[PDB]
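Okay, structure first, notes after.
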């Protein structure tokens, strides 16, 4: 690694030292001659090394074998991949193969038909610390989609959505799932806790990247069975609901049902729902009349002192004061009481 | 379906035509399964024996394993699996019996054939003694796991102890590659002894007619060849489970005599790496759990080898704190022995062994403010990702907790108000107290109630120790403590507690006021932080 210009006659019998130490008997100093021969091949007959590096090994040389392949692969294409394909006919011995079709994939997109079968084996491996390797294999399926570019690709996204439904890294996988959908799902949302809200979060993400109006009528039945994390999911749901309202009578019923949910809150999630409702809809003053009575009891509890809820209620009172401009006398009196408070 | 249309047309050449079509159909229902089961009976009829060939008989096992890899369905399969496992079973036949036992494990996962397979395993274990005399066995390893799995899956009440008598009558006695292949059969016996280990300590008892049960283990840690590292890992986990139940632990103070449980069992460098934090933890809790039958030759051999892991910065971190906690809970046998001064000369080795761990903690502090081994090319394991600042605070917090309980046990080990506060210290023994005061002061540089809690633990260790020999420790380390007290004002709490309403107030205040009269001339000339500390 440091002195390739030392000599060349000593380079002739490196193999007389290194390949002699292949025939040892342990499992660590046998492997350590596979790595020191991978630095020498990667400078300037090389078939027998990398056909045995990916062979059936125990879980002892996990970090040991992987460093011997990553330093070998950029000279391998210089000197084809049937031997990686031949070991797929014979699990735990796949992850050594998977990590070399993970990093240097500039040439890997040649026969990707086995990569689709490996993507089918990726979901079989998804069913643990290898889940991070499976998410890396899930990112490899997005990478192979970025390397190759069928109907199995939509089926692979269905297993990836089920992998997200089985659950950080999944948020990055859901962002990768959003990019893959842009490049049965409503029935999967109807079939499915917090991951089902995340499945509802990905359903609105797939809806973004008319027909959305009739789907909102089905989603109104979905939102009726649903209405913190539920408030965060409804915040993404109201952004999908108001996007179709930005461009009929079904939208008035969904606004009235959420106003009934705002009446059911009168707890803080309805104020969070009303802030999202007033974010892109002009007329909400009818629900704001009982909400001002609820915010007056909320300001009385806030003045007696849930700091995030009181700040949101103050933001709700900030939104209600812009909308009110006939309880302006009682609202200004509580505002002066809040101004006189600590 | 389409798999039957491609296979009936394809019904060395046609075996490759059938196996590639079956592997593609497996990559792609019950009618094709029963049709392939009829084709499997014709495939297993021709050449059922092997004689390890490079011919289509191995490819016949490849298509048979392809039928095993895909999935009277179970009745005709188990009859065919028992028929293939009937011929060429108790000899070196092939690896097809491993695929047959795996198919039998898949069939049993979903009853009379299991009793016949256990009878076939018992006779093969009986014929294993004649095969061992022939070389004076890989199917025995596969039959050991499959039988246990089937028993766990269904019922095992009376036939389990019936095969255990065959397992009690198993192998117990004993070219270089053929001897290693015979040792590979002996390596199969260690995996077979894991089935003897799992039955003997899981839930209930068994046929207890066995007294050489430790003799079949302490022998097998010695003659196990160190090539296969995982063979010794499960053999260490065999003894890790047996030494957890109480009725089997009492058998060990026999002819082992706690003497063959040292580290001449971790032979190879491939086992020297990671099998040592396992080979140390099984003997640390076992020594703590017994605490009896210990001649003081053993008590010295256990207190020596388990502080040469504490001062070893090549093992780990969490196995250094495990090796410290052992010497803490071992004090109840060392202190409660006779007062021959062996209760004191053993406790000062441990206080030395904690002194030489606080010393290595202080070498790496300026390095935080040979530590570069990550630039080495051939990395031999997963590199550690833990930081240095949090765990060094965690090690010092734990080792100061263990240290106070040992120094309370120093209060009772006094030589002939004796044995209460006064004790005789030799000059070879007061020199290791001066390096405990010096390193505990210096290891508070890793800094506030958290560090002020350790200053209570540090000072209270030094209150109850012989105030004729406390006027000597604090006198030599007062010019050293004043130097650390300039850059750290938190260390001012230490002399504040040493005179706070205790038995040292009448002597420490006279030592301190002799010190500050010397620095009285050097008060008008120093800068602020030295003059602030001096009037404090």
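Looking at the stretch B:214-223, which of its residues are part of a loop (DSSP other than H, G, I, E, B) and either surrounded by fewer than 16 Cβ atoms within 10 Å (Cβ to Cβ) or within 14 Å of another protein chain (Cβ to nearest Cβ) (or both)?
B:219, B:222, B:223
Would you mention how many residues in the stretch B:458-494 are surrounded by 15 or more Cβ atoms within 10 Å (Cβ to Cβ) and more than 23 Å from residue B:406 (Cα to Cα)?
Count: 8.
As an exercise: evaluate residue A:83 against (1) away from every other protein chain (no Cβ under 14 Å); (2) closer than 26 Å to residue A:36 by Cβ; (3) assigned to a loop (DSSP other than H, G, I, E, B) and give the number of the one condition it does not meet.
Looking at each condition in turn, residue A:83 falls short on (3).
In this structure, does residue A:36 turn out to be within 14 Å of chain B (Cβ to nearest Cβ) and assigned to a helix (DSSP H, G or I)?
Criteria met by residue A:36.
Output the number of residues of the stretch B:496-514 satisfying the condition of being surrounded by fewer than 13 Cβ atoms within 10 Å (Cβ to Cβ) and not in a loop (DSSP other than H, G, I, E, B).
6
Any idea which residue in the stretch B:250-281 is farthest from the other protein chains (Cβ to nearest Cβ), counting only those that are crowded, with 19+ Cβ neighbours inside 10 Å and assigned to a helix (DSSP H, G or I)?
Applying the filter and picking the extreme gives B:280.
Test residue A:73 against the criterion of being away from chain B (no Cβ under 14 Å), out of contact with any strand residue (DSSP E or B) (no Cβ under 8 Å at 6 or more places or on another chain) and surrounded by 15 or more Cβ atoms within 10 Å (Cβ to Cβ), and give yes or no.
So residue A:73 fits the description; yes.
The conditions are (1) within 14 Å of chain A (Cβ to nearest Cβ); (2) over 23 Å from residue B:82 (Cβ atoms); (3) out of contact with any helix residue (DSSP H, G or I) (no Cβ under 6 Å at 6 or more places or on another chain), and residue B:58 fails exactly one of them. Which is it?
With (1) within 14 Å of chain A (Cβ to nearest Cβ); (2) over 23 Å from residue B:82 (Cβ atoms); (3) out of contact with any helix residue (DSSP H, G or I) (no Cβ under 6 Å at 6 or more places or on another chain) applied to residue B:58, the lone miss is (2).
Which members of the stretch A:86-109 meet the condition of being within 13 Å of chain B (Cβ to nearest Cβ), farther than 24 Å from residue B:381 by Cβ and outside any helix (DSSP H, G or I)?
Of everything in the stretch A:86-109, those that are within 13 Å of chain B (Cβ to nearest Cβ), farther than 24 Å from residue B:381 by Cβ and outside any helix (DSSP H, G or I) turn out to be A:88, A:89, A:90.
Restrict the check to the stretch A:244-251 and report whether at least one residue is under 19 Å from residue A:204 (Cα atoms), surrounded by fewer than 13 Cβ atoms within 10 Å (Cβ to Cβ) and in contact with a helix residue (DSSP H, G or I) (Cβ under 6 Å, 6 or more places away or on another chain).
Looking for residues that are under 19 Å from residue A:204 (Cα atoms), surrounded by fewer than 13 Cβ atoms within 10 Å (Cβ to Cβ) and in contact with a helix residue (DSSP H, G or I) (Cβ under 6 Å, 6 or more places away or on another chain), one finds at least one in the stretch A:244-251, hence yes.
Out of A:112, A:60, I need the residue that is more than 14 Å from chain B (Cβ to nearest Cβ) and part of a loop (DSSP other than H, G, I, E, B). Which one?
A:112
Somewhere in the stretch A:146-156, is a residue part of a helix (DSSP H, G or I), within 14 Å of chain B (Cβ to nearest Cβ) and within 18 Å of the chain's Cα centre (by Cα)?
Yes, because at least one residue in the stretch A:146-156 is part of a helix (DSSP H, G or I), within 14 Å of chain B (Cβ to nearest Cβ) and within 18 Å of the chain's Cα centre (by Cα).
Considering only residues that are within 14 Å of chain B (Cβ to nearest Cβ) and not in a helix (DSSP H, G or I), which ones fall in the stretch A:115-139?
Of everything in the stretch A:115-139, just one residue is within 14 Å of chain B (Cβ to nearest Cβ) and not in a helix (DSSP H, G or I), namely A:129.
If you check A:227, A:242, A:234, A:273, which single one turns out to be under 28 Å from the mean Cα position of the chain (by Cα) and outside any helix (DSSP H, G or I)?
A:227
Mind checking which helices (runs of 4 or more DSSP H) fall wholly inside the stretch B:1-99 and carry at least 2 residues that are touching a strand residue (DSSP E or B) at 6+ places or on another chain (Cβ under 6 Å)?
So the answer is none; nothing clears 2.
For residue B:437, state whether it is out of contact with any helix residue (DSSP H, G or I) (no Cβ under 9 Å at 6 or more places or on another chain) and either closer than 23 Å to residue B:480 by Cα or part of a loop (DSSP other than H, G, I, E, B) (or both).
Answer is no for this residue.
Computed from the coordinates by the stated procedures, all read-outs in this text should not be read as laboratory data. We place every Cβ from the backbone using ideal geometry, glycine too, and count neighbours over all the protein chains shown.
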